[PDB]
Structures are given as C-alpha cells and as structure tokens.
Amino acid sequence: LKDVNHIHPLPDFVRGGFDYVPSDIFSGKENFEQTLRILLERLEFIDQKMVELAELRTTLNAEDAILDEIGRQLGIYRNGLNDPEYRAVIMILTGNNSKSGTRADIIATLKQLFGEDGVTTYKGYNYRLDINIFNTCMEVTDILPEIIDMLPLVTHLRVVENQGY
Amino acid sequence: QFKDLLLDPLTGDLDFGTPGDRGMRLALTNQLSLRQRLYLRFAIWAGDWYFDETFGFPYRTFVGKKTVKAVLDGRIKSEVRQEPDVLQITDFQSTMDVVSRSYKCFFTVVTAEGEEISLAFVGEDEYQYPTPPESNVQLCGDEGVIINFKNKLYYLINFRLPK
C-alpha cells in the first residue's frame, strides 16, 4: 500500500510552507508572495537533485562517466568495453560469486542477456556442452571471456549465434 | 526603535517604495515600527500561527456569540498595553449596531521617539577626517593667504568711503 523507498521528490513542496502563512494576512498582496516564492523555488531545484545524487549512483542507471568508479571498486576495469555491455560484464562477474555451474544455474545467468526464448543449451556425453543464441542485442566476442568463467573446470564448449530460430 | 521590514500602511505588502526609488526599506521611526507591531498583533488570530501557539488574538471567543460590549473593550484595550513603549491611550469610542450585528471601535495611542545609539550598522559616518594637501603647497606655503589679505584690504577700502 506504500512504497518502502522513501527517497522521492517531496510532493507539492511549493504549496507547503505557504500553508504556514498565519491567517491569510499577506495572501492576495502580490508583493510578499513573490518574494517568498522566489526564495522557496530555489530549494525546489536542490531538493530535486538530491534524488539523482542517489538514484543515478545505482549500477542499473549509472552512466559510463561514473560507472567506471563502481567497476573500479570491484576490480572490473573498462578495458575496451563500451557502456551498454560494460554494464553486462559487471553484473555477470558479480553474480558468479554465488554460483555452482549447474545446468539449471547456467540457464539462469544466460537468461538476463538474451530475453526469455533467446538462448538454449544442448548437452553431450563426454563433457560436451553447447550454447545457442537467437536474439542477441550486444556483440558477443567481448562478452565471451566471462561466459567461460562460470562453467565447470572441465567443460568442453561450443558457441553458435544466429538471429531467430 | 525596533527595526524590521517596512509594511505599507495602504496595501499591507512590503513597502518597496515609489517607482523612482524602488527597493527595500527598514522601519526606523518608532511610529512606523509600532504601527506594524500592533497591526500584526491584532491581525493574527490566536493559535493560528505555527511555531508559536500563544500569539494572536482570540476572536473566536466573541465572534458568533452573544457578548457584552464592555467585556470586549477591556480585551481590546489590554492587548495594546503589551508593548513596552506605549505611553497611554487617549480616547475610545466603542459602538455596536444591533441591526447589522457589527461592532466598530476607535482609539489612538501615543508613543515617544528615541535616539539611534549607534550609526555603525546604518549607512553613514559622522566624522570629518582631513584632506591631504595638494602639490608643493605644504613645503612652500599657500596662495590663499594672499587672496584673503587682498580681499580684506579691498573691503576695508570700501568701508571707509561713505556709501
């Protein structure tokens, strides 16, 4: 019924405070109101930017100019990656820390990179595993090094990518 | 002498001034300060201003109720004397009309005027520091000593001859 995240722009900030004019003594004088409005409306701008200072620092929306700072703390350097996929690698490596490389587990990680039906996985008798891609939205060669990391120590892997079925 | 932002007696907004000298002004004369100090004290209904529940006048007690004129006048006349710089109240014409149910009183208040104690915070200074001399006047004299003497001689020559 209520949002748990209380960090939001204050609703109707301006009309508040004006509500504290005692008994409409000054209201309708058009000389005191403008003086008060001019000062209060400055806080509006500062109040608004208080959110982006917290909202924009999250990894989901962080821009490349500062996303590097988030990656730097985790040891994931930009190298030659671009912004749209640099976000992906950060997620992939971080998610690897609570993984076991099971068949059900592997499907889950690939799920975040190719939608619901964009990926499928065949399995083979002698350590063979196969990955199929149908709806890639980013160039895969630069993402490939991580795709190896979350697999068992002895996996034998093939990678094939195509658009659609 | 209580300083504060000046309120226009005619409109109630801040007295920004005439179109030729628009700006902001402070209440300096004790008369102007006391005027607005009474105006605000009477205009704010009791309890309606947050941050101070005890300020204001309790109009709700009288308005809308059958009340005695004499009781109201006492309260009206008492709130005025809460200011520490009120000398006296001269006259009080309290009248009530039963047809329209309106009440309207008249009175005036007398207040003296004080001094400014210090001008450090307001505008100007009262001293007359000297002016440095010009050119070689200091080390060699001044010509004005000649001009004044010449003028004195001329005026004395003028005086003796009858006119």
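These lines cover the structure that appears in this document, whether it is placed above or below. (Residues numbered from 1 in each chain as written, not as in the entry; some residues may be left out. Chains lettered and ligands numbered in written order. Part of a larger assembly, values for the part shown. Heavy atoms only, no water. Residues with missing side-chain atoms left out of burial classes, pairs and counts.)

**A word on the overall build of chain A**
In step 1: Across its full length, chain A holds six helices and three strands.
In step 2: Element order for chain A, N to C, with α for helix and β for strand: α-α-α-α-α-β-β-α-β.
In step 3: Whereas a compact globule of 165 residues would reach a radius of gyration of roughly 15 Å, chain A reaches 26 Å, over 25% beyond that.
In step 4: Taking the principal axes of its C-alpha atoms as reference, chain A extends roughly 85 × 35 × 30 Å.
In step 5: Within chain A, contacts between residues at least 6 apart in sequence are counted, and of these 48% link residues at least 24 apart. (Helix = DSSP H or I, 4+ residues; strand = E, 2+ residues; numbered from the N terminus. Rg over C-alpha atoms; globule rule 2.2 N^0.38 Å. Contact = heavy atoms within 4.5 Å.)

**With respect to a nonpolar patch on the surface**
In step 1: Taken together, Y20 of chain A together with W49, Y50 and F51 of chain B make up a surface patch of nonpolar side chains, about 480 Å² in accessible area.
In step 2: Tracing the backbone shows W49 of chain B in the loop between α1 (30–43) and α2 (69–80). (Patch = residues over 30% accessible without salt bridge, like charges linked within 9 Å, V, L, I, M, F, W, Y side chains within 5 Å. Areas by Shrake-Rupley, 256 points an atom, 1.4 Å probe, with all protein chains shown as cover. Salt bridge = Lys/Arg side-chain N within 4 Å of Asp/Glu carboxyl O.)

**Side note on the pattern of salt bridges**
In step 1: Taken as a whole and assessed by the stated rule, the structure comprises 14 salt bridges over all chains.
In step 2: Close ionic contact of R37 of chain A with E41 of chain A constitutes a salt bridge, the shortest N to O distance being 3.5 Å. With a gap of four residues between them, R37 of chain A and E41 of chain A both fall in helix α2 (residues 32–55), about one helical turn apart.
In step 3: Judged by relative accessible area, which is 39%, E41 of chain A ranks as partly exposed.
In step 4: As a salt-bridge pair, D73 of chain B and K69 of chain B come within 3.2 Å of each other at their nearest N and O atoms. Of this pair, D73 of chain B and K69 of chain B both sit in helix α2, four residues apart, roughly one helical turn.
In step 5: Residue classification places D73 of chain B among the buried residues on the basis of a relative accessible area of 13%. (Buried < 20%, exposed > 50% of the residue type's maximum accessible area, 1.4 Å probe, protein only.)

**Description of the packing of aromatic side chains**
Think of a pair of aromatic rings as described by two things: how far the centres are apart, and how the planes are tilted against each other in angle.
In step 1: Summed over all chains, the structure comprises 12 aromatic pairs over all chains.
In step 2: Between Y50 of chain B and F51 of chain B the ring centres are 4.6 Å apart and the planes differ by 90 degrees, which places this aromatic pair in the edge-to-face class.
In step 3: Ring centres 6.5 Å apart and planes at 90 degrees place the aromatic pair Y154 of chain B and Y155 of chain B in the edge-to-face group.
In step 4: You can call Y154 of chain B exposed: its relative accessible area is 56%.
In step 5: Here the aromatic residues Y20 of chain A together with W49, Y50 and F51 of chain B are joined through ring pairs into a cluster of three or more.
In step 6: Stacked on the ring of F57 of chain B, the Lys or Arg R75 of chain B has its end atom at 5.4 Å from the ring centre. (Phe/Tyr/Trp six-rings, centres within 6.5 Å; stacked < 30°, edge-to-face > 60°. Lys NZ or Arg CZ within 6 Å of the ring centre and 35° of its normal.)

**Some thoughts on the side chain of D105 of chain A**
In step 1: Locating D105 of chain A in the fold gives a position in helix α5 (residues 103–111).
In step 2: When sequence neighbours within four positions are dropped, the list of residues in contact with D105 of chain A reads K99 and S100 of chain A.

**Quick notes on α2 of chain B**
In step 1: Taking 1.5 Å as the rise per residue, α2 of chain B with 12 residues should run 16 Å; its terminal C-alpha atoms sit 17 Å apart, in good agreement.
In step 2: Contact partners of the buried residues in α2 of chain B: α1, β1 (88–96) and β2 (103–110) of chain B. (Expected span 1.5 Å × (residues − 1).)

**Re helix α3 (residues 64–74) of chain A**
All names here are of chain A.
In step 1: Taken as a whole, α3 has its buried residues at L67, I70 and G71. The arc that holds the buried residues of α3, viewed along the axis, is 95 degrees, so those residues lie on one side. Seen from the open side of α3, the exposed residues pointing more than 90 degrees away from its buried face are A65 and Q73.
In step 2: Of the surrounding secondary structure, the elements contacted by the buried residues of α3 are α4 (83–95). (Arc of directions from axis to C-beta.)

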